[PDB]
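The number in the entry's author numbering is simply the position in the sequence shown, starting from 1, with 19 added. Take a look at the structure set out below.
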Amino acid sequence: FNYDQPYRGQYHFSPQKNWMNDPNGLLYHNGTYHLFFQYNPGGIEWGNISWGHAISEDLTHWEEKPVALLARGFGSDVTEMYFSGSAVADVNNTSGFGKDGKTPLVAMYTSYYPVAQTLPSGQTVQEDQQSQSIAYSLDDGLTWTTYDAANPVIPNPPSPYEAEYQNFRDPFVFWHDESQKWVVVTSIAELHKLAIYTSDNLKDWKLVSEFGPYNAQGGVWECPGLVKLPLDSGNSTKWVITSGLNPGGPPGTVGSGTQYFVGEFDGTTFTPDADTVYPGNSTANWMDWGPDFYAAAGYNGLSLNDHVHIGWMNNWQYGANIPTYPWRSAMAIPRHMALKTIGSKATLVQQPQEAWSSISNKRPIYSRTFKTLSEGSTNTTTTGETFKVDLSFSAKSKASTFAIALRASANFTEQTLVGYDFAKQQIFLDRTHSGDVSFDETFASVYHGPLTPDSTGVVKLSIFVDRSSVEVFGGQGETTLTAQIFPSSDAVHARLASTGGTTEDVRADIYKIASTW
Ligand SMILES: *[C@@H]1O[C@H](CO)[C@@H](O[C@H]2O[C@H](CO)[C@@H](O)[C@H](O)[C@H]2NC(C)=O)[C@H](O)[C@H]1NC(C)=O
Ligand SMILES: *[C@@H]1O[C@H](CO)[C@@H](O)[C@H](O)[C@H]1NC(C)=O
Ligand SMILES: *[C@@H]1O[C@H](CO)[C@@H](O)[C@H](O)[C@H]1NC(C)=O
Ligand SMILES: *[C@@H]1O[C@H](CO)[C@@H](O)[C@H](O)[C@H]1NC(C)=O
């Protein structure tokens, strides 16, 4: 397949055609990273929801595979859709689905029932009901068999929340080493509350605790996750819940986004750290401060220092209307997950997790240093559509802002600004004049994330640009900002801008990135 379309990210996953949303079933197994995803095999917007499937050895060079869970009745009257979920390698065959070949992979997902019906298990379900079901694969995830005999395995939300049967979804299951139990985290979406269950066999589930609400509650809670992360450089660890909400995303955005909580987990209860929850219902820990980072899900099958989340690089506010063809939506750059103590606070730090050395030119197309960069904008350079920018500069600068203007027309009336506001100590991304902004009135906006300078007073930004995206990693990765852009064919120019004064100790480098397709 030829992936050379305008706006087609060359180092972000997207399906060859049709609509994609949430990443699902993230599992590393026998050297392969599986990426399943909410997928419409019959259209360019949300519908006929199925689990699509792609694989890579390196989180970088993806190969699209056959649909893994195809909406039941697809092409006819659809009776079951496969909403979001997760997957594990049941290597000891606790499920009993293994035969005389490979031990099974097991997917746990939300069954959505568009119509009232009686299922092969004998259970009766209502119109628009959401329940938790499982499927298994004996060919390393290529094909899947749904557990018809007993699905759904968690039919109902916990008492007293039975009324929430239409909004009970997104199971994240994992093997908990410490308690030797399968643990699943689900969302009672409208109540902003997670329900946690345990199992010895992936089929029979017991409710063990509930978490939340805390912090951001301005939208339905979705896509919960729970992972143990290393803290700093020693043997300390903490558990982290990631969860999305829609709408009620980060400050300065309209629509969906991703928050997190740092704490501890004993096999049944997640206890938030005292400093991770804030009085009231607005202030939150944001995984990403931009508009386009949602349904962030973690990989199963990875070790302590190797954890990776993948996010959907779109926003429910306008996602249906982004000007892409013949596909719609991409995943963000995979995010390596860790914690660092920053300003006396355990803080999520992300690293851009791709095989950069396999696709990045070693010689920068642009490389300059300035003891003092003059107020104004520098000479123009040409970058193409796919590149990385490294910037570092002094927080003590007299300028009001320092930024790179990128994906710009030659006269810079079309451009995306990525920079730092010195007084506010914030990263900003201004996509107000970034190209096509016609499809939603909220798209043409400026976004902000907090970034305190390091101990040496240096501010560092790493910026990844692809055909329709910009991702900023600030500092060590403690602040990320992810935003789509839709620039014209000529929008391949860049320059530096020091506004309102000079910028001190500037270092700037740009490297071209090749296609992964
Ligand atoms: C769900 O998939 C079906 C196909 O199974 C889509 O139905 C139509 O798709 C085309 C419109 O783009 C038509 O040309 C087809 O004739 C028609 N196909 C059938 C069999 O009905 C449908 O649009 C999909 N739903 C969504 C929301 O995208
Ligand atoms: C499989 O069995 C071994 C030995 O009991 C154990 O270490 C491991 O945790 C089990 N489960 C998985 C998922 O590997
Ligand atoms: C800007 O760069 C171009 C291309 O390298 C060069 O020709 C031109 O002289 C430069 N302009 C100034 C004023 O430095
Ligand atoms: C900038 O250039 C574009 C063509 O790339 C042109 O359409 C537009 O008029 C220019 N704007 C100004 C103010 O010169």
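Virtual Cβ for every residue (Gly too), placed ideally from N, Cα, C.
### Which of helix, strand or coil DSSP assigns to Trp70
Strand.
#### Entry: Extent of the continuous beta strand (DSSP E) run through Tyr22
Per DSSP, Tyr22 belongs to no beta strand (DSSP E) and is neither H nor E.
### Message
Need the endpoints of the beta strand (DSSP E) that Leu515 sits in, please.
### Response
512-518
### Query
Whose C-alpha, out of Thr498, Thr518, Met332, is nearest the C-alpha of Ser396?
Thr518
### Query
Name the DSSP bridge partner or partners of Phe32?
Per DSSP, none; premise fails for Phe32.
### Task
Tell me whether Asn430 counts as near ligand 3, meaning its Cβ is closer than 7 angstroms to at least one heavy atom of that ligand.
no
### Message
Are the CB atoms of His53 and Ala90 within a distance shorter than 8 angstroms?
### Response
Contact flag unset, no.
### Query
Among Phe458, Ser457, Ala510, which one has its Cα closest to the Cα of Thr405?
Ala510
### Message
Is any non-hydrogen atom of ligand 2 found closer than 7 angstroms to the C-beta of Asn111, if you look at the structure I gave you?
### Response
yes
### Message
Closest to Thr475 by C-alpha separation, out of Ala527, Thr461, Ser411, would be which residue?
### Response
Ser411
### Message
I need the DSSP call for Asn304, collapsed to helix, strand or coil.
### Response
strand
### Task
Pick out whichever of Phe230, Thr522, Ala214, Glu229 has its Cα sitting closest to the Cα of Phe421.
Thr522
### Query
Mind checking whether the beta-carbon of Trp305 lies closer than 7 angstroms to any heavy atom of ligand 2?
Incorrect: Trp305 has no Cβ contact closer than 7 angstroms to ligand 2.
#### Entry: C-alpha distance - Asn40 paired with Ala303, whole-angstrom precision
Computed Cα separation, rounded: 24 angstroms.
### Message
Quick check on the burial criterion: 16 or more other C-beta atoms within 10 angstroms. Buried or exposed for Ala418?
### Response
buried
### Query
Among residues of its own chain, excluding the 5 on either side of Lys531, which ones have a beta-carbon nearer than 8 angstroms to its beta-carbon?
Hits under 8 angstroms: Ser379, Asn380, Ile384, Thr402, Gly403, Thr405, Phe406.
### Query
In terms of alpha-carbon separation, which member of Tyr132, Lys359, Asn67, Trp65 lies closest to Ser252?
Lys359
### Task
Name the two residues that bound the continuous beta strand (DSSP E) containing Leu264.
256-265
### Nearest-angstrom Cβ-Cβ length linking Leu161 and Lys84, presumed shorter than 8 angstroms
Contact flag correct, Cβ pair sits at about 7 angstroms.
### Task
Could you tell me which of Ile207, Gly120, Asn112, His195 sits nearest to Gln151, measuring between CA atoms?
Comparing Cα positions, the closest option is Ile207.
### Task
Check each candidate in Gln35, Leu323, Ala357 and name the one with the smallest Cα separation from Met350.
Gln35
### Message
Please return the same chain residues whose Cβ sits closer than 6 angstroms to the Cβ of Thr399, not counting the five positions on each side in sequence.
### Response
The answer, listed in chain order, is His512, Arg514.
### Chain-ordered residues, beta carbon under 6 angstroms from a heavy atom of ligand 1
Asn59, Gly61, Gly62, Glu64, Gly66, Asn67, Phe93, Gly94
### Query
Going by DSSP, what residues sit across from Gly244 in a beta bridge?
Partner(s): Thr261.
### Task
Pick out the complete beta strand (DSSP E) segments inside the stretch 394-480, 3 residues or longer, and give them in chain order.
406-413, 420-427, 435-440, 445-449, 465-469
### Message
Please list the terminal residues of the continuous beta strand (DSSP E) segment that includes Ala527.
### Response
522-531
### Query
Which residues in the same chain have their Cβ closer than 7 angstroms to the Cβ of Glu181, if we skip the five residues on either side of it in sequence?
Only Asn175 meet the Cβ criterion.
### Query
According to DSSP, which residues form a beta bridge with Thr499?
For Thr499, which the question treats as bridged, DSSP gives the partners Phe492.
### Query
Roughly how many angstroms separate the alpha carbons of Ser386 and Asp158, rounded to a whole number?
48 angstroms
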